[PDB]
Structures are given as C-alpha cells and as structure tokens.
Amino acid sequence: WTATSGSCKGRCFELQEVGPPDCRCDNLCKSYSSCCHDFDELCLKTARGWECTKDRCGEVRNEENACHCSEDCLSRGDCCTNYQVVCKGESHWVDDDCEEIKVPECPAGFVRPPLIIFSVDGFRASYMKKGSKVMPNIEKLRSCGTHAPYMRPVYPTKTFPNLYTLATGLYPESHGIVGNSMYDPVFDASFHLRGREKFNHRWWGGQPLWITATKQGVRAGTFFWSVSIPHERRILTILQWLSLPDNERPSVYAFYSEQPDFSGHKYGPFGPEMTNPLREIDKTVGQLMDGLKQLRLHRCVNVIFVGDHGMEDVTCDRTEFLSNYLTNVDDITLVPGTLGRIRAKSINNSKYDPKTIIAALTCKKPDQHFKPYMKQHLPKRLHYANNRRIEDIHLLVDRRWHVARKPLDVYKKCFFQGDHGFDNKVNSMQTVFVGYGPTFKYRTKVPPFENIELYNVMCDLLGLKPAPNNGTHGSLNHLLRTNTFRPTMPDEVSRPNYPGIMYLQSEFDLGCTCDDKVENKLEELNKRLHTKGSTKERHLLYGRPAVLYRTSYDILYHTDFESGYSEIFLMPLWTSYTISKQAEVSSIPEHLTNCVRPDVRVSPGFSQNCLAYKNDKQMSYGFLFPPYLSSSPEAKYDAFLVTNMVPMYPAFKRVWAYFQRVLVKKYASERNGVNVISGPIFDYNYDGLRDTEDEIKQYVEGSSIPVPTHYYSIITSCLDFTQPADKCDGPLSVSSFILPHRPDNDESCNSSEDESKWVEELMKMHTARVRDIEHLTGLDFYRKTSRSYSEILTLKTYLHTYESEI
C-alpha cells in the first residue's frame, strides 16, 4: 500500500528514501508505483523544453518551466544547461581548447573534487573510434583526459552483472548477480528484469560504492533512475544537487543511459540507425559539461565515462536448439540466449542425470555453435562457478549465436539484430573507459584493463577505504595524477628449507627404476655447485615466489631449473626455468623412457612412489621441468627426479607434452627467450582459491599423492624483445594459462587430430592472469625485479587474449 495523498512540494528528487506507506518523490518512486500524486506536475516539468533561446534571456521566472533562463537561475541552480551560452555570450565546453587541469579549481565550500560516473549500456569499445565524428563531447573527454582503447567486462557480459561489478569490484560469483535472470534454490525465489523480487536486498552482496561512501561519511546521489525520467531531467537533477549547501551536497553521482544498447539490440552494433543514438548520448554529455562549466565545476569534478559491455550481431536464424540434441528436452529448464544454464525442471525427477545431458551436448554436430561445461570446468579466468545461483551445467555460446530449448521459444515467446552476454574476452563485448578531471592524467592512454579494478579507483577518487574486493589495488595507479594507493608487498609466511644430501639410495623403496648407473674432479665440483644454486640467477629471474600461507617446503636447485617442493603435497608448488632463443630441443633417450630417480635431498617419506602410478590404472605422470629442454645429456638426469614428477592423466599428457616439446621453444624463439614457472593447482571446491589439504577429493590410488585440478604456467620475457629474457633492462611481457587437468579431451572436438591442430587452441581458451594463479596457489610472484611495485601489479593483472585488433 502507498498513501499517494502526500505531496512532493519541495521534495523533488529527495535523497533520503521514505518508507511505505508515505508516498515517495525520489528518482525510483515510479518503479515502485509509489510517487506522490503531484510528482509529475512538480518534479517532471517539461514546459518550453530543455534549451534557453534568445527571447527567454532575462525572462521573468515562471516556476512551470522545465528549466530557466531568468537572471536568478544561476543563484537558484536551475538554469537550462545552455543558459550562459545563449544569454551571456559564453562558449560550449566542447568548443574550448583543452587545457591541463593540474590542480582542482573548486568553488569555496567544496571539500573534495566530486565524482560523476556517466555509464552507458551497450557502448561497444569500437564506438569510440568508429563514431568519433558524431561524438565531439565524448571525443574531447577521451583525447584530453585518460582513456583505455577498451575495458574488459565481466562474464556474463550482461547489464546487471556488469553494472554491479563496476559498483562493487567483485566478480558476479561473489556479488551474487550472476545474470539478468536467476533462480536461488535456498531462497526458492526467482530474480528477473521485470518485477519486484529484484529490489529485495537479499540478492545483492558485497558493498557497492554508494554504501561504501555513506558508511565513511561521504554523501551520494541516488544511482538509479526510473526509465521514464528523461535524460535531460536526470542531468538537471544532478546539477541541482551540486548546488545544495555544503553539508547537504553529495560528493558522488551517477547517470545511466539505456542507449546505445536499446537501439543496438534492434539494429545491430553498426546499423545505420545507430548514428542517432550516439549523437544523442554525446548531446547529453555536452549538457552535463556545459552545466558544470556554468557552475564553475568543469575543472573541479572528476568524470568517468564507462560502459557495461558491447554488442554483437545476433539474429533469430543463428539459434541452436537443445531439442535437436536431447531426447528428454521437457525434463530440463534452460536459461537461454547468449549463454545457457541448465538444471532439472523438477527436483522430484530421479531420472535426471547431468552426465547424460553433457554427453548428448558434446561435439554432436560438425559446426556446433556452443560448448557444454560442468561449471567447475569453465576457464578459470571467467571466475564463474562459486555461487548456488549458477547452475552446474553451462553452455558457452559462440559469438553471433543463441541457444534455445525448442524452436517455439524463438517465435512464440525476426525482431532483433544485436545481443551481448558472450565470453568476456570476445572483441565485440569490450566496452569503454575514459576518466577526465583533476585527479586523472592529462592526454594519457593506458592499456586495456578489467572493470573489476575500477571500484578501488573510485574509492581513491573519493578518499574512501574500499571494502574487500577482486581488484588488485594499485594496479591502476598509472591512471591517476594523485591519490595513488601505494601498497606494500605481502610478507612471506613460510620460509623454505634448503636440504643438502641426506639420504642414501638404498633408503628408498619407491618402486622406481632408472638406467643411470653410467659413470671426474673437473665436473664433480661443477655439479655440486649447480645443486647449491650456482645457476639460480639464470633460472629464477624475478626472485623466488613467496609462500603466503603456513606450510613446509624445500628449495631444490639444479643446472636447468629451480623448484619449491612441498613436503605436504609431495610435489613442487612451482618450478622455474629459463629457455634462451638459442636453446635446443632433444628427445627423451630410449634407455630413459621410464626413468624415475630418488632425490637424495628429500626423505623417502616425503616423496612420491612409482608403484602408486603402476597400480592406478587411470593415472600416469609427467614432469614440471621438461626433459626435452635439458641443457646437456648429463643435466637431463635431473629432470627425471621423483621431486620433479606430477600426476597426469594420459589424455592430459598429450596436451602437456606438446606444450613442453613444441610450444615452449616456439615462445623462446618468438620472444627472445622465456622464463617459465609451472606448477599444480588444487581447486576442488571451485572457489578460485588454493585448497587446503583437507579439501582434496582425489589421490593417486592407494597413496597420499593429491591429484591437481589444473596445471599453470607463467611465461615471462622482456617487453623490448631486442633484449633476451635473462638480460632485460625494462618492463616485462607475460602470458599465462591455467589448464584443466581432465581425464579426457572431450572439450576439444578435434582432439583425434595431431596436437598441432588443437592444443594451442585449448591453451588460448584457458589463458589466465598471474593474479588468478596467485589466488589459486597462495604464491606471490615477481618479488625481486627492478620495476616499481605498481607496474608489477599491472603486469600481474594482464590477460593475453589472443583476439586481433579492436
């Protein structure tokens, strides 16, 4: 119930919300059907439109008008945004040369530069160049402030998950808004774009910027506008709020535009109909900037222009139907479109089986335009599994396509020509970031970055301490002139042991054999030196990784590689080695095919054994430092140490062996040497975080040898590839992956073919940030470089995407 009999007199766009049944006058009252009877009359005036004209200049104030051109309007804070241009001979902001803003130029009473976030739905990154001719205001923000060529959204590339990620710094799996549509099985409740359930606070996790601000005494404008409030009125409302007395005025404000998304769905991302929406959004930007200039705020306010996601060409004829795959299509519920999510239609149906559904959906048609995954097997870079609202079965849909349950869903629900939601590395899904104002840099281009990083920067802009989030605070310091956040490196928690030779060969009973009994004071001293770390500077280029949790581990040195060997997990946590451009690949000699050698530095009790692998019929083994890349026949024996062995399914060994034998040398050739750090990951509960020992669900049969869920590699070289990786003077270049350790290659439809036709494609899909690997391992990399810590934080958040030019 709402008693709409109350009045909005002097309450229009009030900031504090009034609880039911008292009628509301705030920017969301329409969405709740709760506005006071006179809200339209008082608060949504439209008379005479939005622009002053010559004849209105000096007019007698008429309170009915949408905006004012009277002499008193500046002191009232309600002039039309073009008032000083039409009536006082001033220029439009867009017509002014840009001039560096070295310091905030704020009116007295301003305690801090306000922040205004101007968000645009569906604004694809390439609009900034392709539409620049029709967007002069936006082009000026971009060219004069700080801009990235694009900003990476989160998956799924849908509006609600992305706006809420912008507001919180959190992945959707952590903030809870995992799609525009959701079912929560604990609540037994459904969230949809239409309807009231979506306003219930139980859906919305983390702490969004407006709550962060309010809790730390920084006032916020309300971030949400009912769709029927025209943009011109939204702008005038923000400008009115900025004229409030000091103690009442907000410091942070948001404007949201439904365009260009609305038209992009109708017309496609580059439909001729798209020029006009771009022009209209530019005009709104120009109204805001003109209004700020009128208020003498245009060299005080920080403005962020940011999108949620882009827009791809998608039409009804490009739809895959589950009814062409599944015999049992009426037994499932599908959340459809540019991603699929599948669960049982009825929890009472005990004939429901996810394994048979996955199998019926796997590589069934030559051109199949979606791929099914159990959510734990999705690429870890998506961070899309740790939430009860994400169904176990997920369909990753190819760009330009939809998935639907049956044909009748698509015609008895072509209309549309555009859509979004696909994998967040897809070029068409990329969106925009520009920052302009005294706290941002002048005429500065920054590399692409992820939208999860922005909350921390918005907190920095406002002097707020951010709530815990998934950004890496300091990785965007290079966007800012001042207010940088200068983090310190985390402290190492566990210090390594450095074991010498402590066991005789006969103390081992591991069931391993090696043909290594083949027998010099020149070389003997030399090999001792290698085992004490004499080659360590070549192979451990950025210092040893720090272990940020409590554990017992040993540093093991060798001619060609160094490792940190866990006595708890019985294998290395990391293995580090450098491969120069000149390195040669060799074979594993015939007599060494099955060679595994006890490591006389490590007790039998803290070693793997070969018998466990003999008896586990499903499990084989591989090595972290590859025997193919040994520096010499003699050094090759080190690669067969039991301390360099890790459990690998035969199907995975196909992938791993190709990576080690062919790809590492390819990368060293292309990048002028590479440094590689490789190791296992254990994430059985798919939370993105290192498992403890009691979370491990699978062991090599009969043993305490845990089986990794993934294997990672971090591949580093010199950004200036004229310098070799091991003699690099400046910034670094990195690519990394987290490959799923799976007992089949069902993910790869072409895996019956030679590895040269499918393995690199798999690796590219599972590209990762170094930071993703840090979360999954409890390790901290790049501890000892010549580089500033913020630069290293930016390097750790890099994702190599393998898409071509935007």
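The first residue of the sequence shown is number 1, and the count goes up from there.
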*Scan the PDB entry between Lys617 and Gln618 and report the missing deposited residues as one of none, 1 to 3, 4 to 9, 10 or more.*
none
*Is there a break between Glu519 and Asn520, and how many deposited residues does it span: none, 1 to 3, 4 to 9, or 10 or more?*
1 to 3
*Of 689-697 and 448-456, which one has the bigger average CA B-factor?*
689-697
*Average Cα temperature factor in the PDB entry - higher stretch of 184-192, 585-593*: 585-593
*asked:* According to the Cα B-factor stored in this entry, which of the following is highest: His147, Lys413, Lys666, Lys129?
replied: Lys413
*asked:* For the CA B factor values reported in this entry, which option in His231, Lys727, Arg381, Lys653 has the top one?
replied: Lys727
*Looking at the entry's B-factor column for C-alpha atoms only, identify whether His478 ranks in the lowest, middle or highest third of its chain.*
lowest
_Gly77 - Cα temperature factor, lowest/middle/highest third of chain_ = highest
*Among modelled residues of the same chain, the CA temperature factor third for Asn427*: middle
*Could you tell me which third, lowest, middle or highest, the C-alpha B-factor of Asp780 occupies within its chain?*
lowest
_Chain-wide C-alpha B factor ranking for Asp55, given as lowest, middle or highest third_ = highest
